[PDB]
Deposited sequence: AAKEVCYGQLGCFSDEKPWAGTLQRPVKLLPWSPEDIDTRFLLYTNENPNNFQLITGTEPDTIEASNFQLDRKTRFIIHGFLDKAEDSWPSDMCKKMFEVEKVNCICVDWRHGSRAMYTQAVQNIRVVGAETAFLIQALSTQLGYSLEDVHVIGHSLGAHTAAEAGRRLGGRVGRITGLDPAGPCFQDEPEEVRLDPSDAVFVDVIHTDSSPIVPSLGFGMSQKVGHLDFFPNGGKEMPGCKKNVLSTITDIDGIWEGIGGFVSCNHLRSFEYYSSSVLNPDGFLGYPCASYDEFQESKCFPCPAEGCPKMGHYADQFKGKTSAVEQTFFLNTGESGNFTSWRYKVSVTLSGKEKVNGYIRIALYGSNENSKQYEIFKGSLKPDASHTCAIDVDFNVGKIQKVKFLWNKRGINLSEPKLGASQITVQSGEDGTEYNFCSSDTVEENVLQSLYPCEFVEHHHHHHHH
C-alpha cells in the first residue's frame, strides 16, 4: 500500500518505512495540505518577521530577501514544536549577529501535532517538501547545494536526513541535534540520519539511551562524521514504581542540544570536543589535551575541523556549563604539596589570567601529606587566556602549602608551571609564580 502526492511523489508502507518491529503498525504520511509545511525565511534585513517562500512558485524567492551570494541554513523543529516565536527563529537571530546568511525555518507544526508514529511518517512528506525547495534553488537560481545547511532537532534531524537522501547526499551539511531515538535507533540508513545524507553530517547527542530500556529521546547510536556526547550524552548539568515518560520529548536534557548549538553560534570555541571512545576515559583524562591539528568545535563552527569527513562516527566527549551561555574549557591541574606535617583537610586552587580570574576549585580531599602530588581536571566556564599566576588554598593548626602547580590548557595544549617556597595557615591564599 502507498499514497502519492502529486509532484512530491509516492510514499509506501513497505519495509523499512513500516511493518517492522520498531514500527509495527503500517502507517502512511498525511497529505501535504494536512501537514501544512511552511518555509519561513529570515534575513539580516528581516530578522524578526519572516518572509514566506515556496518551491512551487519560485517567484516568491526572487521577491524575498534571499541572496545568492549568501550561505543558507535550514532549521527543522521536531515533535510537538513550532518555529514562529520559538528556538528556531531565536537561533536565526543569533546567526545574524556573527554572519550574513539566508535563515530558513521549516515549520510543520500541524503535522507534528500528531500521535508520534504518525509524525514519524509525516516527516517523509516534510522531507520531500524541503528537498523540492532545495532543488528549486539549484534549478532556478543555480545555487550550489554545498552552501545549504540543514539543522534539525529530534525528528527534525531525520527530516533533515530525508531531504539529504532525496538529494543524493549533495547538500553541504547536516547537523543533527539529539536526533530522535524512538523509531530510528538501530534501523536501516534509508529511514534515519546517517553519514551518507550530506557531504558533512555532525550530531550533538544530549538525551541518549538504548531502546531497551528507554531512558531518553536521543540516539545513543553514532550517526555522523562527527558524534559529540557532551557531558556523557545521558544527563546534562542543570537538568521503582510506575515509570512515566509521557513528556520525554520536552525533557530538559533533550532540548539542551539546540541550546548548546545556539550558544556556539556566538561562543565559537566554548564547546571543544576531545577524541575519545568513552566518557569515562575522558573523565579520567586519557583524551587530553587536544590533538596537534586541533579539537573540533562542537556546534556552529564544526565545519572548520580539519578532516571533518575523513572518517565516519568520529567520537567526541566534552563538558559544558550548567546554565547561561553553557560554555566551558577543560584544564588538567597538577599540584605537589609542601609542609612539615600531614593534615586531614582539602585543597582548592584558583587560576589567574589576562582576561579575568577563575573561582576556587577543589582538587583533592582526604590525607594531605607533604611532597604528595595530586592531579585533577576542572571545568572552567570562561577562557582565562594566558595564565599569569595561580593561587593555592587549604582548610580542615599547622602550616601547609604548594611547591609546584602545573596547569595544562585543553585547547592549545600549552603547559604552565608555577612555583613557591612558602607554606601557609588554613584559608590563606598562597600565590605561586611562573618557573
property: Regions of the deposited sequence not represented in the model; result: 1 to 2, 242 to 252, 410 to 415, 455 to 466
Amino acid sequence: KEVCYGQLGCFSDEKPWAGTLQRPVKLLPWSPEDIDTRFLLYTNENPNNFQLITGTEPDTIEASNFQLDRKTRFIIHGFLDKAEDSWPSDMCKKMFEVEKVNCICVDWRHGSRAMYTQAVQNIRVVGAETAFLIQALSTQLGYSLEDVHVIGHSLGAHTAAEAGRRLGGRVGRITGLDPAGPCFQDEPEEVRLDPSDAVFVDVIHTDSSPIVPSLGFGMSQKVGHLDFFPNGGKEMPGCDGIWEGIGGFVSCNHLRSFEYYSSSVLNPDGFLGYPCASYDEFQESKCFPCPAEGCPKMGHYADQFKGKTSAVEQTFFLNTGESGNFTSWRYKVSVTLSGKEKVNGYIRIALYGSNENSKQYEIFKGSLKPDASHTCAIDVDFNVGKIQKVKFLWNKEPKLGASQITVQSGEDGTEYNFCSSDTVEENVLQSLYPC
From here on, numbers count along this sequence of modelled residues.
property	result
Mean Cα B-factor comparison, 411 to 419 or 13 to 21, giving the higher one as deposited	411 to 419
335 to 343 versus 77 to 85 - greater average Cα B-factor per the deposited record	335 to 343
Most elevated Cα B-factor in the entry, residues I35, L28, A372, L40	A372
Out of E235, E259, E356, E190, highest CA B-factor residue	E356
For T72, the third of its chain into which the C-alpha B factor falls	middle
Third of the chain's Cα B-factor distribution that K365 belongs to, per the entry	highest
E281, C-alpha B-factor rank within chain (lowest, middle or highest third)	highest
Assigned third (lowest, middle, highest) for the C-alpha B factor of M298	lowest
Chain thirds of CA B-factor: placement of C287	highest
